[PDB]
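Colleague: The structure under discussion is supplied below as structure tokens; questions concerning it will follow.
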Amino acid sequence: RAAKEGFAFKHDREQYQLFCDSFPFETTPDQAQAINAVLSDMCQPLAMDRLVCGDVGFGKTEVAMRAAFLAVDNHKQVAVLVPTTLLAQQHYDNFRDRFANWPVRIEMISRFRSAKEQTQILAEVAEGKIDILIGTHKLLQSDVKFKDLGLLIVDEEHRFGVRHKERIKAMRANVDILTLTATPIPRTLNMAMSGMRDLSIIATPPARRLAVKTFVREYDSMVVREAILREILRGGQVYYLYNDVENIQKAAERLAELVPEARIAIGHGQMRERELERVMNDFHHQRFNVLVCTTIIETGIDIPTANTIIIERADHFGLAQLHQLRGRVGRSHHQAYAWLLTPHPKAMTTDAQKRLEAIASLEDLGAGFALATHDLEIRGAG
DNA sequence: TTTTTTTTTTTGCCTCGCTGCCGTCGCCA
DNA sequence: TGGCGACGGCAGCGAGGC
């Protein structure tokens, strides 16, 4: 229940500081309070019931990863459910770069899950020496083996109902979890968790506060070309979204015709994992100045070199797509840009004008949706 | 109180769309 | 010649507004 007594989690502050001093970002007081609360809850023999909210942008995603020191010394396993493969690979790369100079062993599962990869995963879960695990779409239903589960983090529960939460709750044999949603969610679940899980809303906008230009205009090729010319001034990056059903090759050809001075790569979704890895390598090496991603299978996180985000399909929207894209924008120590095209919504044609007026008066997701979430959590929980 | 003021709105939601999976085929021993 | 891994299609998929 609420108590969920655990074991000894001695801090060893000197080694933690020696391992964490290499962080290339000055800690702000609110982040220091957050990490202090996290380490106090870890050392506390009670449940790992801490609620911390962070976005998908860099800086708000590896702050909770400092618990790796507390999860290695006790010699326990931890897991995280990365929804896609590119994000899983980026996370693995930065984790192994940050935690290189000590004998840690980390493996993960991706779209490369052939027979050899499955045998390797079976061997690693039979050994148990592996510290950190990263899952995929089919992680929940798969029989994942754990001998000593330290903690676990899982988010992005918008593309499906409440089934994975209870499935992972059925996997809580003498272990605790730190499940939290990065994207905003209705606060009824937060109120239900309240009274057992401590509420810690650090809410740090600063330490990366730069100018952000977000606008919206009518569909037009000239404005898109002007934005491309503005962003290619320092090797920036934009993203173009598509239904991934029609001729994405023709869309890319049209983009190349619009800007022949740039080099557009292949940003087609649902392709081979090898091609996805090549696309990630191209993004890391900045070989192609222009590269686009269409859906959640492709758009999972923002790139620090990226500076402009453009949305073209304002007539057909996705309930989960909007939530995913409302958390994947940011930049460090540079100006940020954003624009949106406004095609006329058409469908049953009964309320096309009403839909257009609503899009014009969108008011940033109904103005204060946080107020509505608070008003719902006050009224009820769960 | 029609589907929306996209919201103090309950169990209704239709809608094109994501996907685990099963069968089939090329390949290697 | 047989077993295997990659590939393609399809009906199920929590229970979810335009």
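Per Swiss-Prot, chain A residues shown: 575-956, in order.
Per the header of the entry, the method used was electron microscopy, 5.2 Å.
From the backbone N, Cα and C atoms, a Cβ is placed for every residue, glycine too.
This is the feature table in Swiss-Prot:
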BINDING   A:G628, A:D629, A:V630, A:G631, A:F632, A:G633, A:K634, A:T635  ATP binding site
DOMAIN    A:615-776  domain 'Helicase ATP-binding'
DOMAIN    A:798-951  domain 'Helicase C-terminal'
MOTIF     A:729-732  motif 'DEEH box'
Colleague: Are there residues at least six beyond either end of the motif 'DEEH box' (A:729-732) with Cβ under 8 Å to its Cβ atoms? List them, or say none.
Modeller: 655, 657, 738-739, 753-757, 759, 893-894, 897-898
Colleague: Could you list the residues of the same chain, at least six apart in sequence, whose Cβ is under 8 A from the Cβ of A:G628 (ATP binding site)?
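Modeller: Within the chain, A:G628 (ATP binding site) has Cβ neighbours under 8 Å at A:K634, A:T635, A:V637, A:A638, A:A756.
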Colleague: Near A:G631 (ATP binding site), which residues of its own chain have a C-beta under 8 A away, given they sit six or more steps off in sequence?
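Modeller: Counting only residues 6 or more apart in sequence, the Cβ neighbours of A:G631 (ATP binding site) under 8 Å are A:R782, A:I875, A:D876, A:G901, A:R902, A:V903, A:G904.
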Colleague: If you skip the near sequence neighbours and keep only those at least six away, which residues in the chain come within under 8 angstroms of A:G633 (ATP binding site), Cβ to Cβ?
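Modeller: Once residues fewer than 6 apart are set aside, A:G633 (ATP binding site) is near A:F599, A:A781, A:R782, A:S906.
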Colleague: On a count of neighbouring CB atoms within 10 A, which of the binding-site residues A:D629, A:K634 is highest?
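Modeller: Checking each of A:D629, A:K634, the winner is A:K634.
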Colleague: Write out, in the order they occur in the sequence, the residues of the chain not among A:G628, A:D629, A:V630, A:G631, A:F632, A:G633, A:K634, A:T635 that have a C-beta within 8 Å of the mean position of the C-beta atoms of the recorded ATP site.
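Modeller: Apart from A:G628, A:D629, A:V630, A:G631, A:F632, A:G633, A:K634, A:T635, the close residues are A:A756, A:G904.
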Colleague: Where does A:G628 (ATP binding site) sit by DSSP, helix, strand or coil?
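Modeller: The residue in question, A:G628 (ATP binding site), is coil (DSSP, three-state).
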Colleague: As a quick check of your reading of DSSP, tell me how many residues in the motif 'DEEH box' (A:729-732) are helical, how many are strand and how many are coil.
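Modeller: Split into helix, strand and coil, the motif 'DEEH box' (A:729-732) gives 0 helix, 0 strand, 4 coil.
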